[PDB]
Amino acid sequence: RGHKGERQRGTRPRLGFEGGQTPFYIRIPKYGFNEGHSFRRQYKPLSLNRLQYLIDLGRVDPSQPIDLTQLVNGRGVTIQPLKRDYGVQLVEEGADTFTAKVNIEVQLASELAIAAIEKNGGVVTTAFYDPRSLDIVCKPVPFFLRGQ
Amino acid sequence: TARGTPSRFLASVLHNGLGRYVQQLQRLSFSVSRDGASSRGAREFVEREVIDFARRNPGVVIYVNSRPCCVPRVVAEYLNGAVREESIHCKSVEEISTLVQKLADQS
Amino acid sequence: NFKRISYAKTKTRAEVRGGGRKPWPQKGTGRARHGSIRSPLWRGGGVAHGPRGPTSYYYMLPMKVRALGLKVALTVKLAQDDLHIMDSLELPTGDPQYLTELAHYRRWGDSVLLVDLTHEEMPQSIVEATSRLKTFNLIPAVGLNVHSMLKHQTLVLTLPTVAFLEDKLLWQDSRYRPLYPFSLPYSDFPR
Amino acid sequence: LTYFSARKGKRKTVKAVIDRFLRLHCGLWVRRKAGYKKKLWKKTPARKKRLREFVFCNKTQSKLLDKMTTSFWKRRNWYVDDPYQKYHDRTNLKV
Amino acid sequence: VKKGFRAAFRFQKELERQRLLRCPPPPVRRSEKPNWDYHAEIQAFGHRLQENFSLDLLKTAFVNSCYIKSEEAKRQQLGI
Amino acid sequence: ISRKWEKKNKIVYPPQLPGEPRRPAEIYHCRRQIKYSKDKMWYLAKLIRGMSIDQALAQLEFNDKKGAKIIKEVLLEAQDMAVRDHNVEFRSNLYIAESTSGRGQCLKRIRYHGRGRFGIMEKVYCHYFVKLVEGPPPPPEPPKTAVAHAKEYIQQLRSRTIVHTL
Amino acid sequence: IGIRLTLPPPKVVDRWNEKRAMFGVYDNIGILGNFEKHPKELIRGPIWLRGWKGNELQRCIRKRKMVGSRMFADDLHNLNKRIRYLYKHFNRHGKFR
Amino acid sequence: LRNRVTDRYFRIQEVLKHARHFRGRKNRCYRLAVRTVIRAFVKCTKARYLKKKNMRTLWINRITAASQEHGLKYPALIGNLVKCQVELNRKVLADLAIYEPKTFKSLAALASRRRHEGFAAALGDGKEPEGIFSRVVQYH
Amino acid sequence: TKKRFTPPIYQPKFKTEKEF
RNA sequence: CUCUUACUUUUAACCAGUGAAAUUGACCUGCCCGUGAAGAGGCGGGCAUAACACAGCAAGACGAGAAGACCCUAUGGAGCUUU
RNA sequence: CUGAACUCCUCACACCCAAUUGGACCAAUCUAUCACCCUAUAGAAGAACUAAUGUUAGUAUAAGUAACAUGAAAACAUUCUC
RNA sequence: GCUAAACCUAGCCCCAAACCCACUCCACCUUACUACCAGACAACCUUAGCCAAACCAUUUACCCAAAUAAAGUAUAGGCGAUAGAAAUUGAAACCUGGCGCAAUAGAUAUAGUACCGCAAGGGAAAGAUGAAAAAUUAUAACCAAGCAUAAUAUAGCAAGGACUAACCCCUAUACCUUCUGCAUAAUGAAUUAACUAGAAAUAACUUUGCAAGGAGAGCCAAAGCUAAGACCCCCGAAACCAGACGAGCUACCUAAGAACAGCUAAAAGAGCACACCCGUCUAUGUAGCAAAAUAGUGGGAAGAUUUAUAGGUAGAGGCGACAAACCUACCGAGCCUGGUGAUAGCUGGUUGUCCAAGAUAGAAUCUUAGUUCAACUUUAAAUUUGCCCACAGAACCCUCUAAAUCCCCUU
Ligand code: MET
Ligand SMILES: [K+]
Ligand SMILES: [K+]
Ligand SMILES: [K+]
Ligand SMILES: [K+]
Ligand SMILES: [K+]
Ligand SMILES: [K+]
Ligand SMILES: [K+]
Ligand SMILES: [K+]
Ligand SMILES: [K+]
Ligand SMILES: [K+]
Ligand SMILES: [K+]
Ligand SMILES: [K+]
Ligand SMILES: [Mg+2]
Ligand SMILES: [Mg+2]
Ligand SMILES: [Mg+2]
Ligand SMILES: [Mg+2]
Ligand SMILES: [Mg+2]
Ligand SMILES: [Mg+2]
Ligand SMILES: [Mg+2]
Ligand SMILES: [Mg+2]
Ligand SMILES: [Mg+2]
Ligand SMILES: [Mg+2]
Ligand SMILES: [Mg+2]
Ligand SMILES: [Mg+2]
Ligand SMILES: [Mg+2]
Ligand SMILES: [Mg+2]
Ligand SMILES: [Mg+2]
Ligand SMILES: [Mg+2]
Ligand SMILES: [Mg+2]
Ligand SMILES: [Mg+2]
Ligand SMILES: [Mg+2]
Ligand SMILES: [Mg+2]
Ligand SMILES: [Mg+2]
Ligand SMILES: [Mg+2]
Ligand SMILES: [Mg+2]
Ligand SMILES: [Mg+2]
Ligand SMILES: [Mg+2]
Ligand SMILES: [Mg+2]
Ligand SMILES: [Mg+2]
Ligand SMILES: [Mg+2]
Ligand SMILES: [Mg+2]
Ligand SMILES: [Mg+2]
Ligand SMILES: [Mg+2]
Ligand SMILES: [Mg+2]
Ligand SMILES: [Mg+2]
Ligand SMILES: [Mg+2]
Ligand SMILES: [Mg+2]
Ligand SMILES: [Mg+2]
Ligand SMILES: [Mg+2]
Ligand SMILES: [Mg+2]
Ligand SMILES: [Mg+2]
Ligand SMILES: [Mg+2]
Ligand SMILES: [Mg+2]
Ligand SMILES: [Mg+2]
Ligand SMILES: [Mg+2]
Ligand SMILES: [Mg+2]
Ligand SMILES: [Mg+2]
Ligand SMILES: [Mg+2]
Ligand SMILES: [Mg+2]
Ligand SMILES: [Mg+2]
Ligand SMILES: [Mg+2]
Ligand SMILES: [Mg+2]
Ligand SMILES: [Mg+2]
Ligand SMILES: [Mg+2]
Ligand SMILES: [Mg+2]
Ligand SMILES: [Mg+2]
Ligand SMILES: [Mg+2]
Ligand SMILES: [Mg+2]
Ligand SMILES: [Mg+2]
Ligand SMILES: [Mg+2]
Ligand SMILES: [Mg+2]
Ligand SMILES: [Mg+2]
Ligand SMILES: [Mg+2]
Ligand SMILES: [Mg+2]
Ligand SMILES: [Mg+2]
Ligand SMILES: [Mg+2]
Ligand SMILES: [Mg+2]
Ligand SMILES: [Mg+2]
Ligand SMILES: [Mg+2]
Ligand SMILES: [Mg+2]
Ligand SMILES: [Mg+2]
Ligand SMILES: [Mg+2]
Ligand SMILES: [Mg+2]
Ligand SMILES: [Mg+2]
Ligand SMILES: [Mg+2]
Ligand SMILES: [Mg+2]
Ligand SMILES: [Mg+2]
Ligand SMILES: [Mg+2]
Ligand SMILES: [Mg+2]
Ligand SMILES: [Mg+2]
Ligand SMILES: [Mg+2]
Ligand SMILES: [Mg+2]
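Keeping their order, the protein sequence lines are chains A, B, C, D, E, F, G, H and I.
In terms of the working numbering, the first sequence opens at residue 466 and continues consecutively.
In terms of the working numbering, the second sequence opens at residue 85 and continues consecutively.
In terms of the working numbering, the third sequence opens at residue 91 and continues consecutively.
In terms of the working numbering, the fourth sequence opens at residue 48 and continues consecutively.
In terms of the working numbering, the fifth sequence opens at residue 516 and continues consecutively.
In terms of the working numbering, the sixth sequence opens at residue 257 and continues consecutively.
In terms of the working numbering, the seventh sequence opens at residue -10 and continues consecutively.
In terms of the working numbering, the eighth sequence opens at residue 317 and continues consecutively.
In terms of the working numbering, the ninth sequence opens at residue 2 and continues consecutively.
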């Protein structure tokens, strides 16, 4: 423990206190880096490399419409509605090697991601889900056990 | 310390080594446990080491008694009448062989 | 340790009866300074760092780890000739002496663990024999565990139990990560 | 700092750190220079430009702010049109 | 009363040792003590001295006249 | 408490062989819980140590200490005990072999001092132990003479060796 | 002094009584029983400690929240003081900050 | 679970067995004995350096006594025996002084002869051969 | 300075009242 | 007071009875000089030195007693006064 | 010439710094399983006292010291002194 | 040899389960435990403060009734310390058990008794035979300190090296703490037995599982994730606040009582002087007879006197011919209980063995008796130069034309 002082006695000041000097985490001016963070919509990215990977292993069936329920069932993406998630965003990564023809419903989609889907003859549609419906569509089974 | 312990002068038994050398070790009494975990090394010594050791020391009578015991021990008795009891508790076969050989070389 | 709860508890200096008043003045008495008679330094005082029960030691290993432990224990029994497979556990007689002599004749060791597929469908002959025995224990297939297998020298499994064990243990090797507890309905579970 | 809260028994977050610093998911912390809005008339434009910069924190300050904030602020966020999205990961970093 | 057995067991051996020191037992023959095989000890007697003793002659060397008379007396007492 | 001194009169020795010498009779007696100080009783016990049975009684009879009467009473009942129970022919043929005092169980009482202070006094008790052995008292050890001193010194000079060498 | 002069009565332990023979049974009830029951549901004891672990402060907080209304007046007062002391000890005293 | 030390008696006796020969309460009271037993062990360890130191001093005194009986000083005997390539240490010379006086006198005479040869060499200009006992046996 | 008086503390009476 | 003396009582000392308290690291517990955390029974150089009671003395054991009341320190208290 | 724990010599080698830091072991106790004249492998914790003017109890030291008490004779009736 | 030592029970602790308890007769709110007479008196009313913010002044968690999760998020705040939801989410629930204590433990408990206080209140200690005591000459013994058996012989931290030999010879300045430094004449300790002091997050490391997934809904994830192991003491103030209990001592007051010889003067807050009240001076006493006394000498002693009984004024107060007096022996403001394990940058203490690395420029600070960051030190890890240094090179102004340094391949 040491010899005397607040060290051995265990009464040393709080974390961040600098012996009376104005602490670093206080003398820095406030800025809105995290202002309104809890009200920002978040979208889990879904790359075309990830989408192509799921189809090649049979985890996602391209012969049927693909939505948030099918992606979660195939363990393709993880959605946390309590963490301000609003769905999935289809990103353009891996557009060069994407070949499957699918009917996929997402929440956001970049211009290049749309083109890659439509090049193979597939259909991509961006649909909005509010926080209540997002939880229901991702895990239908827990909702059906609520008797609502 | 030296003051708190007895002392003696260097000597031998019956002037051993003058006319002929006589092994001062006379008897070894082993107590091993058939199931005791602390007697695992003692059992290993009996299986392969005590038989060869008896060949090299025809003048030493070795008694191996297998009875339940928590602390295996070996008792060494010498010609001059001194009796020394040493514990082989949780000792490997090599450590027991070194200890047994140490007892044979002492006067 | 996961289901262990320790009920040992001691009273600290704030829970021992009395001790509110300072026993004597701080200075002038010539004695050591004290502020209470229930201090841990005192006879009959509180305990400084003692048990503060009830205390829970609950923790859970990952489901696959606990499933793998059954596989290892089953493999050890087979590798050491401690596993025996029976078509059924039916006995010609309900006398417990028959079962003990049968184990001795077949050299099953001191303790034998008998496992049946279901508790309800256990034959009455084996139930009567095992109820009167201490080293022969009859458990259902759902009750198999590492501790019981390690405690008992010999493990006895029925043919339906072996198929039951393989289905349950190998299901962990080729299963998705759970979206929700498996008690809730699944497309292909149970069976 | 409250290491164990009286109602939940959990570590609490010092909200003074949140209002002043931004933590990139790579572990870095971004802050603004002190006094960048104070007495601008007596400061040269070269000095004023440095005050407007968004600077990083060193190892000690970054480690200090990690202890003063819970694991919620260290999670990976996917804000739409995030200005600092490109700075959440390191590139070509050795040792 | 402190819980445990090893400390009490260890103290019992110390008491037994002290009792022996206070009242030493009378000396007894090594043959009467455990771990004794007369035939084995006779053979080792020759081997220690590096002498090729005859077992028939060597055994008779340790047989005294008093021992024979005492042995005869014991047989008469027991009616053998 | 311990009462091992009373148990020393219950030892039965095996009968002696015809050629064995006569064994002196040993008598153990004691008095428990004497209202006296063991420190003061020690001087009386030390005084009669080694004396004959009759000489010890004479010294104690004319001693002004309180314990002298108590010790004399113990010797009188021990002397009768020897002849009556321990098979001693002559009651005067005894000497004090062992005689010492021991601490007994004491009671604590409060002694009041001034200024509200106090001290704890003890009501002291003691035990007296005596051992009587049949036979004339052993002669006192003669003082060491000049011949004994000179003989011992020469023996010391004849026992010294050359140290720290072969 | 301080050590007993006689051996204590021997310890007789029945290693094969019903409690020890059947110890650990059904610990895999979830794995081998279609996950109908969690193994934590086998724990018997205080209602505030079934399938839950924590330090002294967390246990005191949890017990007060769950059965605080059912506690005796003297027991509740000691629990409230214990939480106050533990709050000051953990959040204000120690070697590390 | 309350744990108490049940074998504290044996711990105390490990220190008191080394204090049995001490004088006073420090042979039976552990609080006082442990401090003295530790000092006794420390003195035992440090005395090994003095034992070697005292033995050599004793040997020098015994060698000096025997050397003076032959009219030689200690430096003359030790120094000149080295020059004769005689590597007898002070332990052996002390034994030789007590048990082999005739041999020691020969060693004293040999050192005296070598000492005289050194004096002649110093006075000589170097045009004479080395002394008979001044010759050194070379090793290769 | 002020008077520094320390009142005496009487020990319990039972400690000096035990009997055989 | 110069300048003290005599006697009596209490105490005292001895004998008998009863029997405290502060104190106490261990002590086999000398003197001189020097030294040293700067004032030594314990260290250095010398000197002295069979053992053990009893009664006196108050130079020393930085004597016992009271975690100095003086002084300062504490982001320790309190009483009082006030623009 | 004397002179160290320097260095050499025979053998062995982790085996001489406060605060602090790292590591190898371990007494006793309880529990699982062994063991069965007192142990083993592990799991646990009220888990180790030459020191707090520490707490309680026992007993020393000062110390048989300080201090304390009963007027006298007598036939125990009584009388006498104050 | 004593004194003593030893013991296994009494009971208790934490949970589960279940919702407890009042009265034979007689007495009991008046002075409780008192057979028998005119009441009309009647309950409600924000806790404060210690403490944290290193002062303090706003502020500083305290079951409020579903485990988990949302979440330590929204939000609040000298926007400091710290405080902190909700929508929503939704599980299990078989009393008779114990890696709980075993007479300094476990309740204080053999008992709220003995004892202490006017009261509120504080609050103990301990027992041990055996199948049979209607077997008591019984149940052997050995174990702490303290003694006894048995005092002592030059000289010295009481030991060590030794030695034929205890001593004599040689060598050696107790321990802990605290310090620049302690044999220090600095601290603590008579001694024995028992008791008495390191509690945890954040990451990180190590070892398993699974793997772009991990996890037995929530959460994390650009090799992660889950689980385990492993780090954070004890005693002590003067205080502050709330609620009770106290004027049987003392301060003053109220109701109704009592005492004051003799002499002088005879008028007396008059004099001399008993009882009585007070306590000037000196000696004794100082653990005393006494937590304020004894002996002598003194002040007053018909008065603003002294005194018995009952009553009144209560602590943010009373009362006071002000002495900061007195208010149950300790009043710059009582005492008890509670907040309370108050707090203490201050002091003291901090328990088994062994080995290894290890002495460190400063800066800020109501800060210099402390802390935080550097520096130094430690561990683990990554990969590459580190140290020592050849030339060449690093200022004019100026009185010391300094010892040197920086840079630096080679080695
Ligand atoms: C100086 O005078 C100092 N000793 C104070 C005296 S009154 C306590
Ligand atoms: K108690
Ligand atoms: K902390
Ligand atoms: K005169
Ligand atoms: K003096
Ligand atoms: K100290
Ligand atoms: K100090
Ligand atoms: K000094
Ligand atoms: K000093
Ligand atoms: K001092
Ligand atoms: K008085
Ligand atoms: K009143
Ligand atoms: K400070
Ligand atoms: Mg300290
Ligand atoms: Mg300091
Ligand atoms: Mg502390
Ligand atoms: Mg503080
Ligand atoms: Mg508490
Ligand atoms: Mg309390
Ligand atoms: Mg209080
Ligand atoms: Mg004191
Ligand atoms: Mg206190
Ligand atoms: Mg207690
Ligand atoms: Mg006394
Ligand atoms: Mg006197
Ligand atoms: Mg005393
Ligand atoms: Mg004392
Ligand atoms: Mg002496
Ligand atoms: Mg002396
Ligand atoms: Mg001096
Ligand atoms: Mg000297
Ligand atoms: Mg004297
Ligand atoms: Mg003093
Ligand atoms: Mg003085
Ligand atoms: Mg002071
Ligand atoms: Mg002052
Ligand atoms: Mg000041
Ligand atoms: Mg300050
Ligand atoms: Mg304050
Ligand atoms: Mg040398
Ligand atoms: Mg050496
Ligand atoms: Mg080495
Ligand atoms: Mg062991
Ligand atoms: Mg173990
Ligand atoms: Mg402890
Ligand atoms: Mg102790
Ligand atoms: Mg102590
Ligand atoms: Mg005495
Ligand atoms: Mg007297
Ligand atoms: Mg005296
Ligand atoms: Mg006197
Ligand atoms: Mg008188
Ligand atoms: Mg009188
Ligand atoms: Mg009543
Ligand atoms: Mg504060
Ligand atoms: Mg202040
Ligand atoms: Mg804010
Ligand atoms: Mg701050
Ligand atoms: Mg108790
Ligand atoms: Mg009860
Ligand atoms: Mg003793
Ligand atoms: Mg000396
Ligand atoms: Mg010396
Ligand atoms: Mg100083
Ligand atoms: Mg020094
Ligand atoms: Mg001194
Ligand atoms: Mg000192
Ligand atoms: Mg000091
Ligand atoms: Mg004491
Ligand atoms: Mg910890
Ligand atoms: Mg930890
Ligand atoms: Mg204290
Ligand atoms: Mg305040
Ligand atoms: Mg108040
Ligand atoms: Mg009144
Ligand atoms: Mg009136
Ligand atoms: Mg008058
Ligand atoms: Mg008048
Ligand atoms: Mg009066
Ligand atoms: Mg008056
Ligand atoms: Mg007058
Ligand atoms: Mg009132
Ligand atoms: Mg007045
Ligand atoms: Mg005034
Ligand atoms: Mg004034
Ligand atoms: Mg008062
Ligand atoms: Mg504190
Ligand atoms: Mg402070
Ligand atoms: Mg080192
Ligand atoms: Mg400031
Ligand atoms: Mg500083
Ligand atoms: Mg350099
Ligand atoms: Mg270089």
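Note that beta-carbon positions come from the ideal geometry of N, C-alpha and C, so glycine has one too.
Item: Residues of its chain near residue 508 of chain A, where Cβ-Cβ distance is below 8 Å and the 5 sequence neighbours each way are ignored; Value: 550, 551, 552, 553, 554, 572, 573
Item: Presumed contact (8 Å Cβ cut-off) between residue 306 of chain F and residue 393 of chain F, rounded CB distance; Value: 6 Å
Item: Residue 326 of chain H - containing alpha helix (DSSP H), residue span; Value: 324 to 332
Item: CA-to-CA distance, residue 36 of chain G to residue 113 of chain C, given in whole angstroms; Value: 41 Å
Item: Within chain A, partners of residue 173 of chain C - CB distance below 9 Å; Value: Near residue 173 of chain C there are no residues of chain A at all, since even the closest Cβ is about 36 Å away, more than 9 Å.
Item: is_contact[residue 346 of chain H, chain G] using C-beta, thresh 7 Å; Value: no
Item: Straight-line gap, residue 60 of chain G to residue 52 of chain G (C-alpha atoms, nearest Å); Value: 10 Å
Item: Proximity of residue 390 of chain F and residue 349 of chain F at Cβ, strictly below 7 Å; Value: yes
Item: is_contact[residue 2 of chain I, chain C] using C-beta, thresh 7 Å; Value: no
Item: Which residues DSSP lists as bridging residue 161 of chain B, in chain order; Value: B:111, B:167
Item: N- and C-terminal bounds of the alpha helix (DSSP H) containing residue 581 of chain E; Value: 580 to 593
Item: Backbone CA spacing between residue 178 of chain C and residue 249 of chain C [nearest angstrom]; Value: 7 Å
Item: Residue 115 of chain D burial status per 10 Å Cβ neighbour count (16 or more: buried); Value: buried
Item: Meets three-Cβ-pair contact criterion under 8 Å: the region 110 to 130 of chain C and the region 131 to 147 of chain B; Value: no
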